[PDB]
> 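First the structure, which I've put down as structure tokens, then a few questions once you've had a look.
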Number of protein chains: 4
Amino acid sequence: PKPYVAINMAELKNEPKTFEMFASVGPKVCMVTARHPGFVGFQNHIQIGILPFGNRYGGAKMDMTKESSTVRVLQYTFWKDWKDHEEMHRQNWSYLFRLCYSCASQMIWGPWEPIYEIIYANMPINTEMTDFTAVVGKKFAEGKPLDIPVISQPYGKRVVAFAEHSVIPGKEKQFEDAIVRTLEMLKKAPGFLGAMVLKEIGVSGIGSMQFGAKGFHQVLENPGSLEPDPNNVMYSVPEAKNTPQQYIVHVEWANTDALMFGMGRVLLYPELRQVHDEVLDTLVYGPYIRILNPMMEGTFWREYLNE
Amino acid sequence: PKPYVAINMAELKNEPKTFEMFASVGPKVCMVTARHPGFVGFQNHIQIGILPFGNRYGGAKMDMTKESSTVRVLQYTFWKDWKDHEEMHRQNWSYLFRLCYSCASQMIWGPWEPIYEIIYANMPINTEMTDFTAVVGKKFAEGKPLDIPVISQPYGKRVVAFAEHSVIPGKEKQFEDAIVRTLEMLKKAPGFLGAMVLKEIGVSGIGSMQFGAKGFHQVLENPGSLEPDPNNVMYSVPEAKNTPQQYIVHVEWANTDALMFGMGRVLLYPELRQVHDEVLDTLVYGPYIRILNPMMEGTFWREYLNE
Amino acid sequence: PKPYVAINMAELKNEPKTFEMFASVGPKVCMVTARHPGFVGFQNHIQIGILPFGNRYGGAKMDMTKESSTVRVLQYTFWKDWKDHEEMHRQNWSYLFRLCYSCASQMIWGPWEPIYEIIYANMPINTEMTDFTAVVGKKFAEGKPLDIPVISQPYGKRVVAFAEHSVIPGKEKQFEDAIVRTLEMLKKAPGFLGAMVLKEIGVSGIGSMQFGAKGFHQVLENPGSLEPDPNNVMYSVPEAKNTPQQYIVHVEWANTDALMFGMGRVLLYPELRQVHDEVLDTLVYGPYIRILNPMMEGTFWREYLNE
Amino acid sequence: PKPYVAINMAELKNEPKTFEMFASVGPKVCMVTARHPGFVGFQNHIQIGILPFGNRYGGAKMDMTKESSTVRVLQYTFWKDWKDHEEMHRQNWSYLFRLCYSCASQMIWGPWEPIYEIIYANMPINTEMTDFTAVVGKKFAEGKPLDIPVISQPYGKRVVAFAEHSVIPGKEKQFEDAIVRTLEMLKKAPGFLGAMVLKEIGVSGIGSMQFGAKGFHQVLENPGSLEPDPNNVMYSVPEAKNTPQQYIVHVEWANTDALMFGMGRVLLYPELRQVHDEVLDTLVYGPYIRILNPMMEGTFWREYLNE
Ligand SMILES: [Fe+3]
Ligand SMILES: [Fe+3]
Ligand SMILES: [Fe+3]
Ligand SMILES: [Fe+3]
């Protein structure tokens with residue numbers, strides 16, 4: 001079935017010390033998160049660039065890593081119930097906070113952790129190029145050759161278009177109907193590896209280190225080994241849900257060329273352009289498209305999705 | 001069904017500013033072109049070199065990009081009816097002319113835009129290496145394993161042999177029969193990714209910036225933001241059709257080695273050489289073979305072709 | 001009287017080896033050509049650049065020799081009858097083919113040899129700056145001061161505007177009348193050294209190395225010392241004549257500045273601009289203006305012209 | 001059916017001028033060779049190294065190209081009848097000799113051209129990585145999935161083990177029986193792309209430039225544009241057949257590691273070692289194993305082989 005998604009967002013200095021901490025601390029946080037039985041996996045991204053839309057964002061390009069002074073991370077964790085995410089944080093607060101806080105020296109902004117429900121998903125399991133022979137054989141043995149997925153390679157061997165949208169109040173249903181129609185046609189593009197639509201349902205105060213006064217002081221004064229009071233979070237997840245309603249349209253691609261022209265299909269193919277125009281008419285903000293590299297992931301989240 | 005093809009040809013300085021403008025302005029032109037419902041896609045090429053034919057063109061080689069001071073572009077746009085191309089230009093002239101004119105500072109020759117009909121086509125849909133598992137599965141589920149195409153990868157990951165021919169008046173039928181027979185045998189060469197024969201039917205004056213006196217002066221005097229009179233084009237598309245009749249034989253290949261020895265099959269394989277000799281006996285000019293890289297493309301034109 | 005003109009066109013690598021062969025092989029070809037009594041001279045050009053028309057071809061300039069990776073040659077041979085050119089080639093094929101073929105290692109495109117009739121000529125004999133005293137004296141002694149020409153210096157000491165045009169079918173007479181009126185007024189421009197209008201009447205297959213299948217294979221397989229079958233040309237000169245009709249407007253100038261502002265007189269001088277507008281209204285293609293340096297020439301062709 | 005094989009052998013200076021002539025002159029010779037209807041294709045190799053057999057040839061390695069002062073070529077041409085090869089050489093002698101003689105400046109040894117019959121062949125058609133989807137689809141449509149070959153990529157994208165053997169007189173039958181059993185088992189090794197056994201039936205004197213006294217002087221005295229008398233060869237092909245009987249065991253591999261450990265299977269796998277020991281007991285000379293790169297080839301010879 002469809003899990004809920006927590007996306008931890010932060011911006012850090014673009015320097016080797018940051019990427020060393022990704023390799024040291026990242027796996028630990030993931031291991032702590034996996035203590036909860038509602039955890040069904042994760043997909044962690046670094047932003048490598050921005051889709052320029054021709055020259056609409058003419059200072060951007062799809063790979064800005066060599067030039068950029070910062071790196072933005074977007075860490076998806078998937079949950080059977082979004083309340084599992086909140087329980088996990090509280091049950092493991094002593095490990096989690098101390099781990100996360102060790103990133104402090106590299107932080108420029110964040111963490112900010114909105115929660116989403118998945119309202120549409122066409123996402124395959126990941127496979128390495130070594131796996132497809134056995135996948136094909138199993139599917140033909142089962143009499144289901146239609147179930148043979150594209151090869152979506154894990155661990156940094158594909159790219160993600162992360163398309164931010166916020167919708168005019170009262171237009172959410174028109175947006176949702178038109179974006180599904182759009183993605184159902186978009187899957188014809190070469191190198192298309194899957195898509196899903198995330199609809200924000202709120203924000204995790206504890207995952208965003210957003211406390212009341214007491215916890216705020218505990219964070220600012222912290223030597224690194226004392227927890228802020230997790231009961232000092234002043235708001236529930238739904239209380240922080242944004243209006244205008246926010247969505248993420250998450251589309252995966254074989255490479256940045258397939259991304260650029262594949263996403264471009266909603267502008268260049270007249271039939272799809274007419275359908276996607278109904279999306280555009282609903283927007284307060286967007287589409288703003290970040291280019292992401294899914295480097296570290298627990299691919300079994302897609303096994304849960306498609307069961 | 002078979003679309004018509006407009007091929008915009010130009011020669012520009014081989015320098016980074018030229019390729020930057022390809023990345024900034026090119027997508028804009030394509031987006032404007034896609035406003036017309038008769039537009040079914042595009043395939044935009046840079047010439048990377050010239051087939052030397054042994055040492056017949058001993059100064060040429062298949063990849064001259066490092067040494068060449070110029071870059072030739074050949075931009076295919078595909079149309080349900082060629083008149084759609086003419087209508088699109090006129091309906092969107094203010095955007096198109098101003099976009100296109102921004103390339104002027106890099107231009108050495110062109111634009112020149114002949115219009116072609118497709119008299120023969122054996123062209124697959126494009127697929128990325130990630131896609132072939134799902135394509136195979138669907139074709140077997142549909143009971144059509146013969147319909148499984150070769151893997152023709154989009155966006156700069158294959159090469160094109162662009163073979164110019166002009167034919168002795170009265171020999172067009174002999175040319176057309178023998179070239180089809182040739183291409184039906186050529187598809188056995190390894191790495192063959194498809195072929196088509198384009199027969200010129202005229203030239204788009206508006207796409208070639210070829211006006212009467214009034215438009216000529218408006219082009220030469222232009223600050224960049226004023227349109228030449230699009231009604232000042234003095235000839236219709238068929239009025240400029242060339243005699244001797246011109247053809248493009250367009251053959252796609254996995255790589256330049258497959259191209260070199262695959263096209264060479266019409267000289268090296270006795271059975272095919274006898275067939276291709278009937279092509280050669282009809283020619284005023286050619287074959288002259290440009291090596292093209294299809295870098296930017298709207299691959300859905302092959303979906304239209306093969307429906 | 002007016003001779004016919006064959007223009008051998010080719011594009012070669014811009015490197016010292018190419019120019020060394022011009023000095024070694026070029027004179028030999030010309031010497032073989034002078035074996036025929038219908039040969040009345042020659043004028044051999046390298047293209048040094050392209051007229052930018054302001055910034056219509058903003059990437060071009062009048063002298064591109066330092067940056068360009070290729071060099072284009074345009075070799076005029078003049079003939080009492082165009083059939084003399086065809087006879088000469090066949091009678092001397094063993095020398096000519098082997099001489100021309102030794103250029104192969106430098107060739108990128110060509111040879112392509114259209115044949116032209118001269119429909120208008122205002123061209124003086126060449127003289128060096130040392131000659132003018134005797135020319136002046138001789139003309140006054142004869143009572144013919146009007147026969148004193150401008151000083152048109154031979155052997156690379158003037159420049160040529162090579163202006164390509166193709167004309168809308170049915171407008172040939174309007175083009176020809178208007179271009180003659182244009183050139184009769186243009187001769188007032190400072191530094192004007194003469195003009196002629198060449199009208200294409202066909203293409204020499206043998207001079208273009210355009211054979212049937214048999215000769216094509218003999219060319220491609222050639223070690224350099226065996227002739228392709230000269231009777232294997234499959235078309236006569238007039239059979240290859242182009243429609244739309246092609247013309248060359250050939251104007252000679254004291255220097256590239258005189259050329260730029262002198263040719264510009266058809267745009268800058270209102271009275272001449274009105275006349276030349278009648279040329280522009282007839283065009284399918286052009287004017288496209290190559291800047292040529294006449295380096296090697298047999299100036300006695302102008303003596304034949306002016307007798 | 002099984003063609004006959006001519007293998008032209010030579011050793012040339014290992015310098016870029018040698019490889020430029022391979023690209024310029026090589027295709028010309030092949031085009032001349034394809035004039036004969038008995039020609040069914042070719043496979044041209046450069047030796048990249050020598051299999052060291054541990055340190056039995058401790059000064060050799062599988063890739064010696066960076067260090068070696070020479071390059072050895074082994075050019076296979078395939079013929080319906082070996083007499084066709086002899087006929088082809090004599091019928092086209094003036095082109096062939098002059099083309100071949102242009103290699104003189106680079107030659108250190110050769111040419112030497114033995115002729116072979118194929119007594120065993122397990123060789124697939126070549127395919128590029130782009131082709132296999134259609135090959136699989138076609139074979140399943142034909143109901144013959146067992147006929148799906150390995151992917152044997154043409155044009156320098158695989159390697160060849162060229163294993164020289166000469167056999168004790170009277171042991172040819174034991175050798176032939178044991179090598180076929182060996183190769184039938186060897187096809188199990190990973191990356192095995194095919195094998196064939198060539199049995200020498202003679203030597204082409206004309207292809208080896210081995211004339212009588214008259215032709216020898218004509219060769220030594222040649223300016224490059226005169227043929228030696230091709231009828232001055234003093235021996236027929238079978239008159240030069242070697243005793244001890246010579247064989248080539250030709251095995252193709254995905255890469256040099258597959259080659260080293262795959263050919264090594266006859267030493268490392270006890271069951272196959274016992275079978276291959278019967279080959280070793282018959283030998284006067286060998287096995288000596290050259291590592292070859294098949295760079296230029298006419299892949300359709302395998303289409304003739306497997307029909
Ligand atoms: Fe979290
Ligand atoms: Fe166009
Ligand atoms: Fe000529
Ligand atoms: Fe041979």
Side-chain angles (χ1 to χ4, degrees), chain B residues 10-15 17-18 68-72 103-112 209 216-217 219-222, chain C residues 7 9-12 14 18-19 22 43-76 150-165 182-183 186-187 189-196 198 248-269 272 276 280 285-297:
Chain B
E11 182 174 328
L12 303 95
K13 296 192 74 173
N14 187 10
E15 70 188 15
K17 184 170 179 180
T18 293
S68 172
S69 58
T70 69
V71 53
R72 175 177 289 239
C103 295
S105 68
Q106 310 297 108
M107 296 275 288
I108 297 167
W109 167 87
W112 177 248
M209 304 247 280
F216 176 77
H217 294 304
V219 172
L220 289 201
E221 294 160 18
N222 213 278
Chain C
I7 304 181
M9 308 176 178
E11 182 173 327
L12 304 96
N14 192 12
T18 290
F19 291 88
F22 291 165
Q43 189 170 305
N44 293 345
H45 308 84
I46 69 157
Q47 171 180 303
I48 61 172
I50 302 297
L51 193 61
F53 280 103
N55 69 343
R56 168 67 177 89
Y57 307 107
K61 49 189 182 177
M62 283 195 293
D63 193 325
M64 298 167 73
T65 55
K66 292 182 291 295
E67 67 187 5
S68 173
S69 57
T70 71
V71 53
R72 175 176 290 241
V73 303
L74 300 90
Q75 300 172 325
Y76 296 28
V150 295
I151 301 176
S152 177
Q153 303 171 82
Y155 317 130
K157 296 195 290 294
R158 70 198 190 278
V159 291
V160 173
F162 179 100
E164 305 175 342
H165 302 73
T182 296
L183 296 174
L186 190 58
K187 65 187 183 183
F192 176 94
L193 302 182
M196 54 183 186
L198 305 194
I248 302 306
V249 179
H250 174 117
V251 193
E252 311 207 336
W253 298 95
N255 52 67
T256 52
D257 287 333
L259 186 154
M260 169 170 277
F261 299 97
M263 302 295 286
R265 195 180 167 112
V266 311
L267 311 176
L268 298 165
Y269 181 36
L272 182 41
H276 180 254
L280 292 163
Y285 176 71
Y288 190 69
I289 305 193
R290 308 177 182 275
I291 315 296
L292 309 190
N293 176 6
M295 294 191 6
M296 316 181 62
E297 40 192 352

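All values below come from the heavy atoms of this structure, side chains included, with hydrogens, waters and symmetry mates left out. Lettering of chains follows the sequences in order, A, B, ..., and the numbering in each one begins at 1.
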> Which pairs with one or both residues in residues 253-262 of chain C pass side-chain hydrogen bond (donor to acceptor under 3.5 Å, both in side chains), sequence neighbours excluded?
none
> So which atom in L12(B) and which in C103(B) form the shortest heavy-atom distance, rounded to 0.1 Å?
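Distance-wise, the nearest heavy atoms are CD2-O, 4.3 Å.
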> Give the minimum heavy-atom separation between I108(B) and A60(C), together with the two atoms involved.
CG1-N, 4.2 Å
> With rounding to the nearest 0.5 angstrom, report the CD1 to CE distance, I289(C) to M260(C).
10.0 Å
> Salt bridge (charged side-chain N to carboxylate O under 4.0 Å, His left out) with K61(C): which residues, sequence neighbours excluded?
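So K61(C) forms no salt bridge (charged side-chain N to carboxylate O under 4.0 Å, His left out) with any residue.
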> Measure the spacing between CH2 of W112(B) and OH of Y285(C) and express it to the nearest 0.5 Å.
7.5 Å
> Could you check if a side-chain atom of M62(C) sits within less than 4.5 angstrom of a side-chain atom of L51(C), using non-hydrogen atoms only?
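The answer is yes; the side chains approach within 4.5 Å.
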> Are the side chain of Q106(B) and the backbone of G59(C) linked by a donor-acceptor contact shorter than 3.5 Å?
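Checked: no pair found.
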> Applying side chain to side chain contact (heavy atoms under 4.5 Å, CB included) between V266(C) and each of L280(C), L183(C), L186(C), report the one that passes.
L186(C)
> Under the salt bridge (charged side-chain N to carboxylate O under 4.0 Å, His left out) test, which residues partner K187(C), sequence neighbours left out?
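Scan of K187(C) (salt bridge (charged side-chain N to carboxylate O under 4.0 Å, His left out), adjacent residues dropped) gives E184(C).
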> Please report the interatomic distance CG(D63(C)) to CD1(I291(C)), rounded to the nearest 0.5 Å.
9.5 Å
> Are the side chains of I7(C) and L198(C) in contact, using a 4.5 Å heavy-atom criterion?
yes
> How many angstroms lie between CZ in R290(C) and CD in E164(C), if you round to the nearest 0.5 Å?
4.5 Å
> Going by atom types only, do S69(B) and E67(C) share a side-chain donor-acceptor pair under 3.5 Å?
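Note: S69(B) and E67(C) side chains miss the donor-acceptor criterion.
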> Would you say the side-chain atoms of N14(B) pair up with the backbone N or O of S68(B), donor to acceptor, closer than 3.5 Å?
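Yes.
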> Against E252(C), only a single residue in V160(C), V150(C), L292(C) fulfils side chain to side chain contact (heavy atoms under 4.5 Å, CB included); can you say which?
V160(C)
> On a heavy-atom basis, which atom in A254(C) and which in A258(C) lie closest, and how many Å separate them?
N-CB, 4.3 Å
> Can you measure from CE (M295(C)) to CD (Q75(C)) and round to the nearest 0.5 angstrom?
10.0 Å
> Could you tell me if the side chain of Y76(C) sits less than 4.5 Å from the side chain of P294(C), heavy atoms only?
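Side chain of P294(C) against side chain of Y76(C), heavy atoms only: no contact under 4.5 Å found.
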> To the nearest 0.5 Å, how far apart are CE in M9(C) and CZ in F162(C)?
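That separation rounds to 4.5 Å.
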> Is there a donor-acceptor contact under 3.5 Å from the side chain of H250(C) to the main chain of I248(C)?
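Side chain of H250(C) to backbone of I248(C): no pair is present.
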> Taking the side chain as everything from C-beta on, heavy atoms only, tell me whether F53(C) gets closer than 4.5 Å to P287(C).
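A side-chain contact under 4.5 Å exists here.
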> Might you point out which heavy atoms bring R72(B) and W109(B) nearest each other, and give the distance in Å?
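Distance-wise, the nearest heavy atoms are NH1-CZ3, 3.9 Å.
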> Work out which heavy atom in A10(B) is nearest to a heavy atom in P111(B); give both atom names and the distance.
CB-CA, 4.4 Å
> Any idea how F22(C) and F19(C) line up, ring-wise: parallel (<30°), tilted (30 to 60°), or perpendicular (>60°)?
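The rings of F22(C) and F19(C) stand perpendicular, inter-plane angle above 60°.
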> Of all the heavy-atom pairs spanning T18(B) and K13(B), show the shortest one and how long it is.
OG1-O, 2.7 Å
